[PDB]
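*Asks:* First, the structure itself, so that you have it in front of you.
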Amino acid sequence: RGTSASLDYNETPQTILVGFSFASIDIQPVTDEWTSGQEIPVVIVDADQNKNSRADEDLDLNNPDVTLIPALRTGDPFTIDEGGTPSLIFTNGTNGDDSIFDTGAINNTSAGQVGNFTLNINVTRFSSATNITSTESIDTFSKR
Amino acid sequence: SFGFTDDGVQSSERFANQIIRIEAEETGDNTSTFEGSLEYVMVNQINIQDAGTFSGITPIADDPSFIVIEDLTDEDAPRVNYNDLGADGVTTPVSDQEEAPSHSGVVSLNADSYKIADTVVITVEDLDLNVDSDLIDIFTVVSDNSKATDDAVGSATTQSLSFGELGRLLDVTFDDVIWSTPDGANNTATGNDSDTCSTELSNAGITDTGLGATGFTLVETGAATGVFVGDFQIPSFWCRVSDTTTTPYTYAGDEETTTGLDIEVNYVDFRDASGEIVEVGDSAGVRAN
């Protein structure tokens with residue numbers, strides 16, 4: 001923030017200043033009371049999410065480059081951060097013949113849903129011959 | 001040649017030797033009127049140390065620029081001379097001069113009292129700090145543990161002189177002590193317990209460890225407005241400097257609350273209304289409920 005660059009044509013330079021913008025969020029009820037089964041608008045104004053002046057942009061969860069998403073919470077959901085910052089590893093391999101992923105089914109029976117989890121790993125030709133390990137972070141409100 | 005000798009405090013000790021030629025352009029086809037421009041950069045404590053500022057001027061052009069080392073008025077006002085052949089056939093020069101004054105800077109703080117996590121906004125009204133009319137002028141904070149100008153707005157390049165430190169333009173203090181991050185070689189004090197002040201702050205979730213860590217910068221409001229504005233947010237805790245006479249600074253072993261301490265900003269004008277060095281400041285109080 002505060003630093004700049006300089007672009008020049010016709011011996012008249014222009015600064016390209018980097019800055020942040022204060023946001024404003026406001027739920028807008030259509031009439032006096034918000035009752036059941038009525039859509040009312042939610043409006044966010046943050047210039048930091050307008051990263052292209054020639055395109056209309058969406059706050060998609062799935063895009064890592066959208067840094068912030070609005071969220072509403074009630075009671076106590078069990079989000080992916082419920083026990084603190086998780087630990088994640090990716091792997092290549094195959095399911096065992098006794099794995100729940102190969103033998104289970106979703107048919108409301110212990111025979112289908114309940115099992116154990118077994119796998120065989122081949123990450124020997126992977127970079128540094130280790131399973132892909134990750135650096136984790138959690139959004140304060142969106143829980144991503 | 002450009003520079004100063006010794007302190008550079010006395011006028012006889014400042015020098016600037018240069019010649020500037022204006023290649024003016026005819027306004028029309030048969031209009032005998034020829035048009036040109038001048039512009040000058042007044043030197044400050046930061047740009048004077050860099051050879052970039054002196055090599056940056058354009059000595060021969062339709063729109064030249066030249067350096068001013070100090071206030072130029074009366075007999076020393078910059079003057080352009082044009083040798084001329086008159087209608088009576090004798091060669092008689094014509095000339096014009098314009099004074100190039102220096103300005104007394106003021107620094108202010110937007111509020112008289114702040115609270116924890118309040119935005120504090122600093123403004124400096126010094127016209128002499130505008131060095132370019134086309135571009136926004138920006139000043140940034142120094143992060144170099146081997147220099148006396150650490151966690152202050154200025155330049156890593158520096159020298160020790162009579163008036164103080166030559167690379168220092170602005171800094172922020174709590175209880176008349178520099179607000180600096182506990183980093184370097186002299187931050188090993190643990191205080192009452194066995195935890196050093198740097199990790200002591202980190203456990204409190206504080207990232208605004210000093211002025212250099214808030215990203216504070218002085219930004220000119222317009223291209224040639226001459227008004228600079230910066231802002232940052234007051235922290236809950238800070239780490240006091242035990243001894244300022246060593247480089248790097250020696251930090252205390254225990255964090256302290258900012259509540260009940262005054263906050264101050266100090267600006268050093270390299271050129272006041274007479275072209276002399278002076279320091280000016282403003283103060284305010286941090287409160288709690």
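Each chain in the structure tokens gets a letter, A, B, ..., in the order shown, and its residues are numbered from 1; ligands are numbered from 1 in order too.
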Define the interface residues of chain A facing chain B as those within 9 Å, counting only C-alpha atoms, and report them as a count of residues only.
*Replies:* 10
*Asks:* May I have all residues of segment 76-275 of chain B that DSSP, computed from the backbone, assigns to helix (DSSP H, G or I), given as a ChimeraX atom specification?
*Replies:* /B:76,127-129,197-202,211-213
*Asks:* Please list as a list in words every residue within 8 Å of residue 67 of chain B, counting only C-alpha atoms and excluding residues in the same chain fewer than 5 positions away.
*Replies:*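 What passes the distance filter is residues 16, 40, 41, 42, 43, 54 and 57 of chain B.
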*Asks:* Could you pull the residues within 9 Å of residue 118 of chain A, counting only C-alpha atoms, minus those fewer than 5 positions along the same chain, as a VMD selection string?
*Replies:* chain A and resid 95 to 101
*Asks:* Taking into account only C-alpha atoms, which residue in the set A:129, A:42, A:107, A:19 is nearest to residue 72 of chain A?
*Replies:*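 Smallest separation from residue 72 of chain A among the options: A:42.
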*Asks:* Can you tell me, as a PDB file with N, CA and C atoms, in the first residue's frame, what residues are no more than 10 Å from residue 208 of chain B when counting only C-alpha atoms, ignoring any on the same chain fewer than 2 positions away?
*Replies:*
```pdb
ATOM      1  N   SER B 180       9.381   1.286  17.611  1.00  0.00           N
ATOM      2  CA  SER B 180      10.160   0.418  16.704  1.00  0.00           C
ATOM      3  C   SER B 180       9.872  -1.048  16.996  1.00  0.00           C
ATOM      4  N   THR B 181      10.026  -1.907  15.997  1.00  0.00           N
ATOM      5  CA  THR B 181       9.825  -3.366  16.166  1.00  0.00           C
ATOM      6  C   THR B 181      11.020  -3.943  16.912  1.00  0.00           C
ATOM      7  N   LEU B 201       5.006 -10.080  22.141  1.00  0.00           N
ATOM      8  CA  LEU B 201       4.010  -9.364  21.289  1.00  0.00           C
ATOM      9  C   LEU B 201       3.260 -10.356  20.405  1.00  0.00           C
ATOM     10  N   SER B 202       3.964 -11.334  19.835  1.00  0.00           N
ATOM     11  CA  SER B 202       3.395 -12.292  18.852  1.00  0.00           C
ATOM     12  C   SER B 202       2.275 -13.113  19.502  1.00  0.00           C
ATOM     13  N   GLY B 205      -1.120 -11.600  19.299  1.00  0.00           N
ATOM     14  CA  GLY B 205      -1.706 -11.496  17.951  1.00  0.00           C
ATOM     15  C   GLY B 205      -1.375 -10.174  17.286  1.00  0.00           C
ATOM     16  N   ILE B 206      -0.443  -9.411  17.848  1.00  0.00           N
ATOM     17  CA  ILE B 206      -0.106  -8.070  17.315  1.00  0.00           C
ATOM     18  C   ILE B 206       0.865  -8.225  16.150  1.00  0.00           C
ATOM     19  N   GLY B 210       5.685  -2.084  14.962  1.00  0.00           N
ATOM     20  CA  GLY B 210       6.273  -0.734  14.931  1.00  0.00           C
ATOM     21  C   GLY B 210       5.761   0.029  13.729  1.00  0.00           C
ATOM     22  N   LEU B 211       6.294   1.221  13.444  1.00  0.00           N
ATOM     23  CA  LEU B 211       5.773   2.087  12.357  1.00  0.00           C
ATOM     24  C   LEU B 211       6.105   1.436  11.021  1.00  0.00           C
ATOM     25  N   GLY B 212       7.224   0.735  10.930  1.00  0.00           N
ATOM     26  CA  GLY B 212       7.664   0.112   9.671  1.00  0.00           C
ATOM     27  C   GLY B 212       6.818  -1.075   9.286  1.00  0.00           C
ATOM     28  N   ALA B 213       6.073  -1.646  10.230  1.00  0.00           N
ATOM     29  CA  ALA B 213       5.311  -2.893  10.028  1.00  0.00           C
ATOM     30  C   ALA B 213       3.838  -2.609   9.727  1.00  0.00           C
ATOM     31  N   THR B 214       3.387  -1.371   9.874  1.00  0.00           N
ATOM     32  CA  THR B 214       2.003  -0.984   9.518  1.00  0.00           C
ATOM     33  C   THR B 214       1.901  -0.657   8.030  1.00  0.00           C
ATOM     34  N   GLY B 215       3.025  -0.520   7.336  1.00  0.00           N
ATOM     35  CA  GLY B 215       3.053  -0.104   5.923  1.00  0.00           C
ATOM     36  C   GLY B 215       2.815   1.380   5.738  1.00  0.00           C
ATOM     37  N   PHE B 232      -2.310   4.908   9.938  1.00  0.00           N
ATOM     38  CA  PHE B 232      -2.062   3.595  10.554  1.00  0.00           C
ATOM     39  C   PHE B 232      -2.995   3.432  11.735  1.00  0.00           C
ATOM     40  N   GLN B 233      -2.920   2.303  12.422  1.00  0.00           N
ATOM     41  CA  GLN B 233      -3.902   1.969  13.483  1.00  0.00           C
ATOM     42  C   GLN B 233      -3.165   1.751  14.807  1.00  0.00           C
ATOM     43  N   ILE B 234      -3.711   2.274  15.899  1.00  0.00           N
ATOM     44  CA  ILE B 234      -3.029   2.220  17.221  1.00  0.00           C
ATOM     45  C   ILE B 234      -3.068   0.789  17.736  1.00  0.00           C
ATOM     46  N   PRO B 235      -1.924   0.226  18.164  1.00  0.00           N
ATOM     47  CA  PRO B 235      -1.884  -1.118  18.729  1.00  0.00           C
ATOM     48  C   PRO B 235      -2.240  -1.202  20.213  1.00  0.00           C
ATOM     49  N   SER B 236      -2.556  -2.394  20.701  1.00  0.00           N
ATOM     50  CA  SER B 236      -2.887  -2.582  22.132  1.00  0.00           C
ATOM     51  C   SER B 236      -1.584  -2.622  22.945  1.00  0.00           C
ATOM     52  N   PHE B 237      -0.523  -3.240  22.414  1.00  0.00           N
ATOM     53  CA  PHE B 237       0.763  -3.380  23.138  1.00  0.00           C
ATOM     54  C   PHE B 237       1.904  -2.851  22.294  1.00  0.00           C
ATOM     55  N   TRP B 238       2.998  -2.495  22.949  1.00  0.00           N
ATOM     56  CA  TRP B 238       4.237  -2.050  22.272  1.00  0.00           C
ATOM     57  C   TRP B 238       5.435  -2.369  23.140  1.00  0.00           C
TER      58      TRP B 238
END
```
